[PDB]
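First up is the structure itself, then whatever we jot down about it.
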Amino acid sequence: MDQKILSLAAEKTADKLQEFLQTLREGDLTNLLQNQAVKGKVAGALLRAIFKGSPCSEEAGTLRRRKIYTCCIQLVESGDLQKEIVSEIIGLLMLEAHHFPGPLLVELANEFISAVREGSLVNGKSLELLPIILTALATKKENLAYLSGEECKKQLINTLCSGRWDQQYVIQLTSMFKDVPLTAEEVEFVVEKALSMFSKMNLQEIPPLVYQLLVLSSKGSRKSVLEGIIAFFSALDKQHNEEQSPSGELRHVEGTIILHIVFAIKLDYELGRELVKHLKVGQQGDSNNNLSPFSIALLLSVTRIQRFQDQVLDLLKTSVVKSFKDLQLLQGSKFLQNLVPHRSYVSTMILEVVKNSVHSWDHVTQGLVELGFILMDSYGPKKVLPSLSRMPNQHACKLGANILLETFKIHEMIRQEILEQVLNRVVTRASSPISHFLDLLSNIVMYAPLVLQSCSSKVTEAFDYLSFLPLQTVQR
Amino acid sequence: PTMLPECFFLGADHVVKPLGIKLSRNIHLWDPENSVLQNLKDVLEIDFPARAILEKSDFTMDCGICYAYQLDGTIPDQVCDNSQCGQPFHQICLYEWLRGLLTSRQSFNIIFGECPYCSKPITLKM
Amino acid sequence: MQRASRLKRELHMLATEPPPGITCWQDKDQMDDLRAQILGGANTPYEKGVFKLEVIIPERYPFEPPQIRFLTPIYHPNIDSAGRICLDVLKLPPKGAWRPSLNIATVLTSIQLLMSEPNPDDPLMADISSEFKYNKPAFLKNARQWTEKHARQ
Ligand SMILES: [Zn+2]
Ligand SMILES: [Zn+2]
């Protein structure tokens with residue numbers, strides 16, 4: 001049955017192939033089924049023969065093409081073929097998808113819409129063709145009226161977004177919007193649907209989902225992706241703390257999320273700016289409820305980029321300062337203590353972050369070290385070489401101390417450098433108070449000396465300055 | 001010799017964890033006048049399995065990757081941070097396995113990845 | 001090396017306490033490959049047949065998967081004429097599910113399971129798969145014919 005069509009196609013088009021096409025009208029289904037059963041190259045040859053012998057200038061071939069399109073759509077998912085044949089079919093269809101009018105492609109769009117909504121799509125590979133169809137619709141100036149092809153595209157995509165998706169098939173849904181030419185509200189509704197889909201997901205599924213959400217965020221749609229991820233993980237960690245009132249898994253997630261957000265802002269020097277602008281509590285100075293452990297962890301994994309580093313580390317500092325100012329006013333006043341519910345402070349946030357940092361959070365510690373030392377250097381006692389001036393500064397250095405303490409307790413690759421930094425700031429200055437550093441050091445050594453048999457030589461060489469150092473400090 | 005020798009543990013991130021925590025808060029109680037074993041029994045606050053099974057294979061102490069003991073003299077030391085697995089592994093076999101794996105992300109000198117038996121987070125420091 | 005580590009234990013293990021209806025020895029012709037024999041599972045058309053298989057151990061095997069083939073051919077949806085095994089456990093990560101917690105006995109148990117329960121989702125033989133999907137007795141008939149023709153003495 002095939003070799004006749006091969007011989008008809010061997011020489012010329014639409015003079016004998018059409019004539020034979022008007023002989024065999026039905027049975028293309030079973031024909032293609034035995035075709036894929038025996039050999040798929042024959043199916044490809046038939047498809048080439050069909051699309052050359054069924055041009056769409058004449059409208060009879062358009063319906064043969066629509067029938068065989070639906071045939072391939074159903075079989076490629078349901079009928080488990082070989083892989084190479086499937087790829088070939090998809091490539092051929094994506095090739096010949098351009099030679100159509102508006103409404104035929106609109107009804108193919110509605111086919112796929114109803115199918116992904118309700119049709120248990122066995123493999124979903126057919127969706128690869130869909131964005132080609134949306135492209136052909138956008139570009140085809142054969143105007144419709146229900147109106148332009150791009151506007152019917154807007155309609156169909158608004159339909160799809162407002163509609164329900166599959167749990168399994170959101171990956172591929174957003175993978176399609178990956179390569180489309182979209183506008184602001186297009187990409188907005190795409191990400192909003194994929195966003196609200198988060199509440200019906202296993203957690204091993206979220207990382208590549210957010211990866212693709214962000215590479216699509218690259219178009220214009222940056223702010224809302226991060227704001228939603230933030231609110232999601234905020235409520236998540238609150239719910240997990242209330243459960244405590246899969247912790248290791250939850251940590252493992254948050255880490256790879258932040259890793260992929262790092263690559264993102266690495267590639268986009270603006271993403272971090274909106275991130276910052278979204279987060280900065282000092283709009284005037286009042287505490288926003290935007291920040292969180294995970295939020296902060298993201299910031300500290302970010303600060304190891306060369307541009308935002310100092311910006312972030314200033315922000316966090318001033319925010320902690322405000323935290324403590326409002327807190328000391330609260331505890332100072334009954335009247336306000338009557339009104340406001342206690343809010344998870346920045347300090348305690350950081351401490352819990354450190355607790356979570358134990359697992360695999362290597363990217364965070366490098367900034368935590370700097371952060372603690374920065375607090376201490378910034379607000380260390382310098383005046384004697386008052387609560388409003390001193391409590392913040394003291395609590396600040398105290399917090400830096402707690403950070404470095406609980407850090408040094410558990411992290412085995414930033415020791416020697418916590419250590420030598422303390423020693424460096426201690427030894428040379430020899431003028432400004434370092435009692436804070438020293439008491440810190442005392443606590444450190446006391447808790448866990450045996451580690452310092454490994455961290456040895458810095459102290460042996462630190463003794464070399466002992467002949468030059470001042471006496472009282474040497475005694476301590 | 002009775003002075004504190006330099007030491008560390010090999011094993012699990014939940015068994016080795018509180019062992020060092022006791023040691024940190026009892027090393028100050030190290031009385032070098034006693035025997036070392038006697039000092040340990042109170043510093044660590046435990047008794048040893050004093051040859052309690054020594055060299056008798058109950059299949060407990062085995063790599064699970066190479067299924068061997070003393071792989072090139074290398075001991076099953078790396079374990080799972082899991083009550084249910086507690087599957088101990090070598091260094092080299094666990095390294096080479098978590099080498100090809102896609103999820104296996106590499107920090108400075110760390111490889112993270114899933115325990116082969118239980119698919120739980122396991123950390124390897126080279 | 002770890003190859004031989006796995007191999008020396010799995011040899012004695014599959015010689016003494018193999019899985020049920022499965023046996024395996026060092027292939028007396030090869031001495032690097034292994035000769036396995038899966039006895040025809042009950043409630044199958046493959047009964048009255050001792051299906052021989054060749055088992056290849058790659059050199060990095062606890063890390064690689066094995067490579068099995070049906071030397072005694074089988075009329076199966078998922079096993080082709082040659083005896084290939086389109087099974088995830090013989091495939092690497094996310095494509096497949098191989099890890100050293102599995103081994104020769106586990107994958108042979110999986111193959112024995114497949115011989116009783118063909119996979120309609122991952123077919124090497126799409127036509128035998130459609131036959132097993134719709135026309136059960138024709139598939140079972142052709143499989144029992146295939147068994148008594150080749151697998152029987
Ligand atoms: Zn080993
Ligand atoms: Zn485990």
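Order determines the names: the first chain of the structure tokens is A, the second B, and so forth; residues in each chain are numbered 1 upward, and ligands are numbered 1 upward as they are shown.
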
Quiz item: What residues in chain B lie within 8 Å of chain A, counting only C-alpha atoms, written as a ChimeraX atom specification?
Solution: /B:6,24-25,107,112,120-121,123

Filtering to N, CA and C atoms, could you give me those residues as a PDB file, in the first residue's frame?
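This went into part.pdb:
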```pdb
ATOM      1  N   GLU B   6      46.791  12.790  70.572  1.00  0.00           N
ATOM      2  CA  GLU B   6      45.838  13.420  69.637  1.00  0.00           C
ATOM      3  C   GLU B   6      45.019  12.301  68.997  1.00  0.00           C
ATOM      4  N   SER B  24      34.856  16.608  75.115  1.00  0.00           N
ATOM      5  CA  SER B  24      35.099  18.057  75.284  1.00  0.00           C
ATOM      6  C   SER B  24      34.930  18.512  76.739  1.00  0.00           C
ATOM      7  N   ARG B  25      34.004  17.895  77.461  1.00  0.00           N
ATOM      8  CA  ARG B  25      33.629  18.314  78.818  1.00  0.00           C
ATOM      9  C   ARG B  25      34.183  17.374  79.876  1.00  0.00           C
ATOM     10  N   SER B 107      31.277  20.703  47.297  1.00  0.00           N
ATOM     11  CA  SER B 107      31.843  21.880  47.973  1.00  0.00           C
ATOM     12  C   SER B 107      33.368  21.772  47.936  1.00  0.00           C
ATOM     13  N   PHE B 112      28.251  15.653  48.858  1.00  0.00           N
ATOM     14  CA  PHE B 112      26.895  15.314  49.326  1.00  0.00           C
ATOM     15  C   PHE B 112      26.240  14.345  48.345  1.00  0.00           C
ATOM     16  N   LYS B 120      18.983   8.828  51.724  1.00  0.00           N
ATOM     17  CA  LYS B 120      18.992   9.908  52.735  1.00  0.00           C
ATOM     18  C   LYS B 120      20.277  10.699  52.579  1.00  0.00           C
ATOM     19  N   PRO B 121      20.268  11.995  52.956  1.00  0.00           N
ATOM     20  CA  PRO B 121      21.473  12.812  52.830  1.00  0.00           C
ATOM     21  C   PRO B 121      22.666  12.227  53.603  1.00  0.00           C
ATOM     22  N   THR B 123      27.083  12.726  53.875  1.00  0.00           N
ATOM     23  CA  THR B 123      28.205  13.678  53.673  1.00  0.00           C
ATOM     24  C   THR B 123      29.529  12.887  53.728  1.00  0.00           C
TER      25      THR B 123
END
```

Practice problem: Please provide the set of residues having any atom within 9 Å of residue 407 in chain A, restricted to only C-alpha atoms, with same-chain residues fewer than 3 positions apart removed, written as number ranges by chain. | Solution: A: 354-355, 357-358, 365, 368-369, 402-404, 410-411, 414

Could you dump the residues just selected with N, CA and C atoms as an mmCIF file, in the first residue's frame?
```
data_model
loop_
_atom_site.group_PDB
_atom_site.id
_atom_site.type_symbol
_atom_site.label_atom_id
_atom_site.label_comp_id
_atom_site.auth_asym_id
_atom_site.auth_seq_id
_atom_site.Cartn_x
_atom_site.Cartn_y
_atom_site.Cartn_z
ATOM 1 N N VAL A 354 21.637 29.243 61.912
ATOM 2 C CA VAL A 354 22.892 28.546 62.188
ATOM 3 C C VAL A 354 22.601 27.090 62.501
ATOM 4 N N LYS A 355 21.548 26.847 63.271
ATOM 5 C CA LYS A 355 21.146 25.473 63.620
ATOM 6 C C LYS A 355 20.885 24.660 62.365
ATOM 7 N N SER A 357 22.136 25.370 59.471
ATOM 8 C CA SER A 357 23.339 25.435 58.624
ATOM 9 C C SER A 357 24.189 24.171 58.751
ATOM 10 N N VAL A 358 23.934 23.349 59.762
ATOM 11 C CA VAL A 358 24.792 22.198 60.097
ATOM 12 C C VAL A 358 24.969 21.267 58.897
ATOM 13 N N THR A 365 28.445 29.815 55.422
ATOM 14 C CA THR A 365 29.387 30.015 56.535
ATOM 15 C C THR A 365 30.403 31.083 56.171
ATOM 16 N N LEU A 368 28.850 34.162 57.023
ATOM 17 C CA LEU A 368 28.556 34.228 58.459
ATOM 18 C C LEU A 368 29.770 34.697 59.230
ATOM 19 N N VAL A 369 30.924 34.123 58.914
ATOM 20 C CA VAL A 369 32.202 34.514 59.538
ATOM 21 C C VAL A 369 32.383 36.023 59.433
ATOM 22 N N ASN A 402 28.054 35.013 69.750
ATOM 23 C CA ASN A 402 27.219 33.807 69.781
ATOM 24 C C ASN A 402 27.294 33.094 68.455
ATOM 25 N N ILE A 403 27.264 33.869 67.385
ATOM 26 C CA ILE A 403 27.300 33.334 66.010
ATOM 27 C C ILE A 403 28.587 32.544 65.854
ATOM 28 N N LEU A 404 29.692 33.217 66.104
ATOM 29 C CA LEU A 404 31.002 32.601 65.901
ATOM 30 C C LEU A 404 31.176 31.418 66.826
ATOM 31 N N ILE A 410 30.731 23.563 65.401
ATOM 32 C CA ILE A 410 30.262 22.507 64.468
ATOM 33 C C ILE A 410 30.966 22.520 63.102
ATOM 34 N N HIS A 411 31.564 23.628 62.671
ATOM 35 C CA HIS A 411 32.142 23.745 61.312
ATOM 36 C C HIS A 411 33.642 23.551 61.353
ATOM 37 N N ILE A 414 36.354 26.349 58.739
ATOM 38 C CA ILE A 414 36.476 27.819 58.928
ATOM 39 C C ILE A 414 37.242 28.147 60.197
#
```

Using only C-alpha atoms, find each residue in chain B having at least one atom no more than 8 Å away from chain C; report its shortest atom-to-atom pair and that distance in Å (one decimal), rows by chain then rising number, as a tab-separated table.
```
residue	atom	partner	partner_atom	distance
B:64	CA	C:101	CA	7.1
B:65	CA	C:100	CA	5.7
B:66	CA	C:2	CA	4.8
B:67	CA	C:6	CA	6.0
B:68	CA	C:5	CA	6.3
B:93	CA	C:2	CA	7.7
B:96	CA	C:63	CA	7.7
B:97	CA	C:63	CA	5.8
B:101	CA	C:93	CA	7.2
B:102	CA	C:93	CA	7.8
B:116	CA	C:99	CA	6.0
B:117	CA	C:101	CA	5.1
```

File dump, residues just selected, N, CA, C and O atoms, as a PDB file, in the first residue's frame:
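That gives us result-v9.pdb:
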```pdb
ATOM      1  N   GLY B  64      29.354  -2.506  52.120  1.00  0.00           N
ATOM      2  CA  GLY B  64      28.073  -2.305  51.444  1.00  0.00           C
ATOM      3  C   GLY B  64      28.201  -1.854  49.991  1.00  0.00           C
ATOM      4  O   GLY B  64      27.201  -1.978  49.259  1.00  0.00           O
ATOM      5  N   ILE B  65      29.358  -1.328  49.559  1.00  0.00           N
ATOM      6  CA  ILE B  65      29.634  -0.978  48.145  1.00  0.00           C
ATOM      7  C   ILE B  65      30.511  -2.074  47.554  1.00  0.00           C
ATOM      8  O   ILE B  65      30.117  -2.699  46.569  1.00  0.00           O
ATOM      9  N   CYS B  66      31.673  -2.287  48.164  1.00  0.00           N
ATOM     10  CA  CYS B  66      32.590  -3.386  47.828  1.00  0.00           C
ATOM     11  C   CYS B  66      32.323  -4.641  48.663  1.00  0.00           C
ATOM     12  O   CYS B  66      32.943  -5.675  48.379  1.00  0.00           O
ATOM     13  N   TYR B  67      31.457  -4.566  49.680  1.00  0.00           N
ATOM     14  CA  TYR B  67      31.034  -5.704  50.530  1.00  0.00           C
ATOM     15  C   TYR B  67      32.220  -6.328  51.280  1.00  0.00           C
ATOM     16  O   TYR B  67      32.104  -7.480  51.748  1.00  0.00           O
ATOM     17  N   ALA B  68      33.309  -5.577  51.470  1.00  0.00           N
ATOM     18  CA  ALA B  68      34.577  -6.103  51.998  1.00  0.00           C
ATOM     19  C   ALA B  68      34.995  -5.344  53.252  1.00  0.00           C
ATOM     20  O   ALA B  68      34.462  -4.251  53.546  1.00  0.00           O
ATOM     21  N   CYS B  93      35.129   3.708  47.609  1.00  0.00           N
ATOM     22  CA  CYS B  93      33.920   3.170  46.950  1.00  0.00           C
ATOM     23  C   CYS B  93      32.799   4.218  46.997  1.00  0.00           C
ATOM     24  O   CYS B  93      32.224   4.518  45.943  1.00  0.00           O
ATOM     25  N   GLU B  96      33.694   7.189  44.612  1.00  0.00           N
ATOM     26  CA  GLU B  96      33.522   6.858  43.186  1.00  0.00           C
ATOM     27  C   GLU B  96      32.045   6.725  42.840  1.00  0.00           C
ATOM     28  O   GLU B  96      31.670   7.047  41.710  1.00  0.00           O
ATOM     29  N   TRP B  97      31.233   6.243  43.775  1.00  0.00           N
ATOM     30  CA  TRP B  97      29.784   6.128  43.549  1.00  0.00           C
ATOM     31  C   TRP B  97      29.173   7.522  43.458  1.00  0.00           C
ATOM     32  O   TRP B  97      28.510   7.800  42.453  1.00  0.00           O
ATOM     33  N   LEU B 101      27.139  10.462  40.189  1.00  0.00           N
ATOM     34  CA  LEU B 101      25.745  10.817  40.493  1.00  0.00           C
ATOM     35  C   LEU B 101      25.514  12.292  40.174  1.00  0.00           C
ATOM     36  O   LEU B 101      26.415  13.132  40.352  1.00  0.00           O
ATOM     37  N   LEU B 102      24.320  12.576  39.670  1.00  0.00           N
ATOM     38  CA  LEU B 102      23.967  13.915  39.169  1.00  0.00           C
ATOM     39  C   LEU B 102      23.680  14.865  40.328  1.00  0.00           C
ATOM     40  O   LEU B 102      24.152  16.021  40.287  1.00  0.00           O
ATOM     41  N   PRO B 116      23.410   5.075  49.201  1.00  0.00           N
ATOM     42  CA  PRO B 116      22.965   4.028  48.278  1.00  0.00           C
ATOM     43  C   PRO B 116      21.791   3.166  48.746  1.00  0.00           C
ATOM     44  O   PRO B 116      21.034   2.790  47.904  1.00  0.00           O
ATOM     45  N   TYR B 117      21.702   2.828  50.036  1.00  0.00           N
ATOM     46  CA  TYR B 117      20.708   1.837  50.512  1.00  0.00           C
ATOM     47  C   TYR B 117      19.365   2.506  50.817  1.00  0.00           C
ATOM     48  O   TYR B 117      18.311   1.884  50.492  1.00  0.00           O
TER      49      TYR B 117
END
```

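For chain C, backbone-based DSSP labels the following residues as strand (DSSP E): residues 22, 23, 24, 25, 26, 34, 35, 36, 37, 38, 39, 50, 51, 52, 53, 54, 55, 56, 67, 68, 69 and 70 of chain C.
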
Selected residues, C-alpha atoms, written as a CSV table (one decimal), in the first residue's frame, please.
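Below is the file out22.csv, written as the result:
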```
chain,number,residue,atom,x,y,z
C,22,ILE,CA,17.0,-19.0,40.0
C,23,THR,CA,20.6,-20.4,39.9
C,24,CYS,CA,23.9,-19.0,38.7
C,25,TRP,CA,27.5,-20.1,38.4
C,26,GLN,CA,30.8,-18.9,36.9
C,34,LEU,CA,28.4,-15.8,34.3
C,35,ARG,CA,25.9,-18.5,33.4
C,36,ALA,CA,22.5,-18.0,35.0
C,37,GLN,CA,19.4,-20.2,34.7
C,38,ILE,CA,15.9,-19.0,35.6
C,39,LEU,CA,13.4,-21.9,35.9
C,50,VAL,CA,14.9,-23.5,32.0
C,51,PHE,CA,15.9,-20.2,30.5
C,52,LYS,CA,19.7,-19.7,30.3
C,53,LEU,CA,21.1,-16.2,30.6
C,54,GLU,CA,24.5,-14.6,30.1
C,55,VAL,CA,25.6,-12.1,32.7
C,56,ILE,CA,28.4,-9.6,32.0
C,67,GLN,CA,24.5,-6.5,31.5
C,68,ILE,CA,22.2,-9.6,31.2
C,69,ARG,CA,20.9,-11.4,28.1
C,70,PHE,CA,18.5,-14.3,27.6
```

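If one restricts the calculation to only C-alpha atoms and all ligand atoms, the set of residues situated within 8 Å of ligand 2 consists of residues 79, 80, 81, 82, 84, 85, 86, 87, 114, 115, 116, 117, 118, 119, 120 and 122 of chain B.
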
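Selecting chain A residues within 8 Å of chain C and counting only C-alpha atoms yields residues 37, 80 and 81 of chain A.
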